[PDB]
There are 2 protein chains.
Amino acid sequence: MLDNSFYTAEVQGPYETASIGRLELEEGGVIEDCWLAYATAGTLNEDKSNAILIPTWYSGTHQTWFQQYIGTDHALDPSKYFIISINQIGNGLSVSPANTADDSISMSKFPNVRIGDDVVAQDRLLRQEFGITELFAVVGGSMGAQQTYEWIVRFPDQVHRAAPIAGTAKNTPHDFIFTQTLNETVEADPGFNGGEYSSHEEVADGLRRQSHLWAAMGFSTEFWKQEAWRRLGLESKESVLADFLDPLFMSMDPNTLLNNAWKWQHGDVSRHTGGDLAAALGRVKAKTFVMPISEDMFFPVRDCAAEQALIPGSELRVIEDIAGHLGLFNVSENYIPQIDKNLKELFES
Amino acid sequence: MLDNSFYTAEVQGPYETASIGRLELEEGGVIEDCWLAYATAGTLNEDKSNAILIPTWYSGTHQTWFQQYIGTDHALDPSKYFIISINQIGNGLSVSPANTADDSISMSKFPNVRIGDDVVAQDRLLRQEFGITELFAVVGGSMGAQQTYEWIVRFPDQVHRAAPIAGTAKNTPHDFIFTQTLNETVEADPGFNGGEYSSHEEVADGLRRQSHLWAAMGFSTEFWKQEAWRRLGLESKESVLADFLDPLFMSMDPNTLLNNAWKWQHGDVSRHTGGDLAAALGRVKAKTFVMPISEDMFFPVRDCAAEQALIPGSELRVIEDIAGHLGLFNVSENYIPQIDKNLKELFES
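X-ray crystallography is the method the PDB entry states for this structure, with the resolution given as 3.200 Å.

Chemist: Help me understand the UniProt feature "active site" in chain A in this model?
Modeler: All names here are of chain A. As recorded in UniProt, the feature "active site" lies at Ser-142, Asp-296 and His-325. A compact arrangement is adopted by the annotated residues: their sequence extent is 184 residues, whereas the largest C-alpha distance between any two is 10.6 Å. Those annotated residues lining the largest cavity are, specifically, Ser-142 and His-325. Take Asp-296: it is sitting in the loop between β7 (287–290) and α11 (301–308). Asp-296 sits in the buried class, given a relative accessible area of 4%.

Chemist: Is there a simple way to explain the relation of the copies chain A and chain B in this structure?
Modeler: One copy of the chain maps onto the second through a rotation around an axis plus a translation along that axis. Rotating chain A by 179 degrees and moving it 0.0 Å along the rotation axis overlays it on chain B with an RMSD of 0.0 Å. Taken together, these values place the two copies in the relation of a two-fold axis. No C-alpha of chain A lies nearer the rotation axis than that of A:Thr185, which sits 3.3 Å from it. Interface overlap between copies: 100% of the residues of chain A at the interface are likewise at the interface in chain B, consistent with a symmetric, same-surface contact.

Chemist: Explain the sheet that holds strand β6 (residues 161–165) of chain A here, please?
Modeler: In sheet architecture, strand pairing relies on hydrogen bonds along the backbone and comes in two forms, parallel and antiparallel. Residues and elements named next belong to chain A. The mixed open sheet is built from 8 strands, whose spatial order is β1-β2-β4-β3-β5-β6-β7-β8. At either margin of the open sheet sits one strand with a lone partner, and together these are β1 (16–24) and β8 (315–316). In the sheet, β7 pairs with β8 via 2 bridges, with the strands oriented parallel. By the bridge assignment, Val-290 is partnered in β8 with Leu-316. Contacts from helix α4 (residues 143–154) reach β3 (51–53), β5 (137–141), β6 and β7, with the element oriented near 150 degrees to β5.

Chemist: Can you help me understand the interface of chain A and chain B in this one?
Modeler: The figure often quoted for interface size is the accessible area lost as the parts come together. Listed as interface residues are 28 residues of chain A and, on the opposing side, 29 residues of chain B. When the area that chain A buries against chain B is broken down by residue, the three leading residues are A:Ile177, A:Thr221 and A:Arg302, summing to 21%. The interface formed by chain A and chain B holds 6 salt bridges in total. Its salt-bridge partner being B:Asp303, residue A:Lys225 comes within 3.2 Å of it at the nearest N-O pair. Of all the elements in the fold, those that place two or more residues in the side of chain A that touches chain B are α5 (173–187), α6 (204–217), α7 (221–225) and α11 of chain A.

Chemist: Just checking my understanding: could you explain the environment of A:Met291 for this structure?
Modeler: Residue and element names in this part refer to chain A. With respect to the helices and strands, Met-291 occurs in the loop between β7 and α11. Look at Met-291 and you get buried, because its relative accessible area is 0%. Separated by 125 residues in sequence, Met-291 and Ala-166 place their C-alpha atoms 6.1 Å apart. With residues near it in sequence (within four places) discarded, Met-291 still touches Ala-163, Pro-164, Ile-165, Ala-166, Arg-317, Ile-319, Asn-342 and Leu-343.

Chemist: I'm lost on α11(A) in this one. Help?
Modeler: Helical geometry: 3.6 residues make up each α-helical turn, so side chains three or four residues apart lie on a common side. Buried within α11(A) we find A:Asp303, A:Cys304, A:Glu307 and A:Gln308. Buried positions in α11(A), seen along its axis, are confined to an arc of 135 degrees and lie on one side of it. Lining the buried residues of α11(A) we find α4, α10 (277–282), β7 and β8 of chain A together with α7 (221–225) of chain B.

Chemist: Help me understand the packing of helix α5 (residues 173–187) of chain B against helix α9 (residues 254–265) of chain B in this model?
Modeler: Two quantities define a packed helix pair, namely the angle between the helix axes and the distance between the axes. Residue and element names in this part refer to chain B. Their axes nearest at 10 Å, the elements α5 and α9 cross at an angle of 165 degrees. By the criterion of interaxial angle, the relationship of α5 to α9 is roughly antiparallel. In this structure, α5 meets α9 at a crossing whose hand is left-handed. Here α5 contributes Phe-176, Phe-178, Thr-179, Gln-180, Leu-182, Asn-183, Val-186 and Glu-187 to the contact with α9, which in turn contributes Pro-254, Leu-258, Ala-261, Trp-264 and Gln-265. Looking at side-chain class alone, the contact of α5 with α9 contains 8 nonpolar, 4 polar and 1 charged residues.

Chemist: Teacher, can you tell me more about the UniProt feature "domain: AB hydrolase-1" in chain A here?
Modeler: Summarizing the sequence annotation, UniProt attributes the feature "domain: AB hydrolase-1" to residues 60–329 of chain A in the numbering used throughout. Secondary structure within residues 60–329 of chain A divides into 40% helix and 8% strand; the distance between the first and last C-alpha atoms comes to 10 Å.

Scoring rules and cut-offs
Residues numbered from 1 in each chain as written, not as in the entry; some residues may be left out. Chains lettered and ligands numbered in written order. Heavy atoms only, no water. UniProt positions renumbered as here; feature names shortened; annotations may be inferred. 1 Å grid on protein atoms, 1.4 Å probe; cavity = no way out; pocket = protein on both sides within 12 Å on 5 of 7 lines; lining within 4 Å. Helix = DSSP H or I, 4+ residues; strand = E, 2+ residues; numbered from the N terminus. Buried < 20%, exposed > 50% of the residue type's maximum accessible area, 1.4 Å probe, protein only. Least-squares fit on C-alpha atoms. Contact = heavy atoms within 4.5 Å. Pairing = 2+ DSSP bridges. Axes fitted to C-alpha atoms, helices over the stretch in contact; angles between N-to-C directions. Buried area = accessible area lost by both parts, 1.4 Å probe. Salt bridge = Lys/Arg side-chain N within 4 Å of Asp/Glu carboxyl O. Arc of directions from axis to C-beta. Parallel < 35°, antiparallel > 145°, perpendicular 65-115°, else oblique. Left-handed = near helix turned anticlockwise from the far one by under 90°. Nonpolar A, V, L, I, M, F, W, Y, C, P; charged D, E, K, R; others polar.

Here it is in structure tokens:
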């Protein structure tokens, strides 16, 4: 069990942690004491029908959602809905390699968690702590979109609306390759010590290298060419890395990243139908708005549009953002307005 | 001076090496004995007017051109033209960090060579060895396209036709960032030893990591999603790396790669006009066919099309290839046919 000031309430914002008990993973592993970290906003109504679930994405928590997406002047209105965000397993806030009390699964002994394991865990938490059996809507970005797809496919009758933003239901081979390069440069750091490091500050070089890898793929060529980072109040291109991206990733836990990266690499909702993705997404009953980002480099529109054509009664709402995938951080002026417009229309139907 | 069987005539094909003497570089450095490696095909006519120059690209030599692009049944016909390919400085075949006899510039002491330095060197070789003062055409890919742009801007009256394939005239900030990640993972290898290694086999891990970085950026999402590597006779996605890309890069010299990577990072033909790219490309007198690859991830059409709109009398001929940038290796069925069609039309006018 390590100490990282980044993974605290003082940084990520207020949140609670409840345990759902023994969780048997699909890959074989077992988490004896599986506890999740969640944050809520708003009041659950009488018949518990205004609940909205928000899964976190890679290298992220609930913080971004509560400080960019959630508000009374937004679609995700805590005045109308009970908005709950549950952190991924091993994401650093929930039960993770570098914070678990269990010695059998501590650090490099932490098991492999699939997206399906998260959704199973989330459903258990929602029932146990709030008695929620149906969700008004499920909204998530990147890996959160993967969990969104898993939710509406695994528990079709438990979700009314879905908003998978910038993410696919079945991971494409290119996504795997890219994610592999992310893991390699981190494992390349000798300070990593095969997952048995004493501090995340020892793997500082590897974390910084991954940061640069995100600068290359997580944005767009036009983002850099037009210097769109200027509206963020940054001086130069190099300042974008050294004063923003690099400090961010260097503050994170390598084991946590590697864990969620694996989860990301094996996202596949077609596991429920023996591989037939068309048959899997055919199960979808929820009203779905597939919302990719226009300039998303590793989650391109064509990939998302292909899946959207398999989801019955769904619509494709492309979000125009020059910042590409990392536009999820709300670094563009017109990003949130587009998000709110589409989500409001989704919440109306 | 090291020994690498990869950088030999037995692998890259037959070639000659001549010295152009003292070469003072723009960055300040000096190469006392500057010798280049070149390969030729065809016969130079009476008035020396059928010469075609082909600069090499990153991590490459003349081999690909002579085994994919050049032939009697191709546009680059050695029956009509004297086709000469001159290897970049420090590319492994020409005077390089790991083959120079000069101790003052050996290995990690090797100076910084710009694209402009290559073109100056190439012009000297062409005059010294063949008395060529004008070129029928200049054709190059990637960094070869950069040298193509430099040629038609620096020596406007010495080039009649130009075919910059999949490359820009002025390096965009995104290209710099991507190239930086390539250099980092190589320098991350402890076996690299700050450029003072005894064998390229010591930096095997870093070279392999760069290979994977190319698999992520050098192709396209559709290339992997449609498994276009099957026509190459490869079994699986993993086989594409382990049995093709990884062995290729692991066979190369780290210092050579780092040198050409720097050169790539500082490609700027607007240096001749104080930064005004529009004014620089305005100097172009040669008939130019800007030919980007449709799915090129880090040399996208929009970037190339922007430059093409500044070159007077030029045309834009986009090459349709799912393989993206690495389509230059002729891994697609319809690649060379497109290349030959456009080049023939260029050679006609």
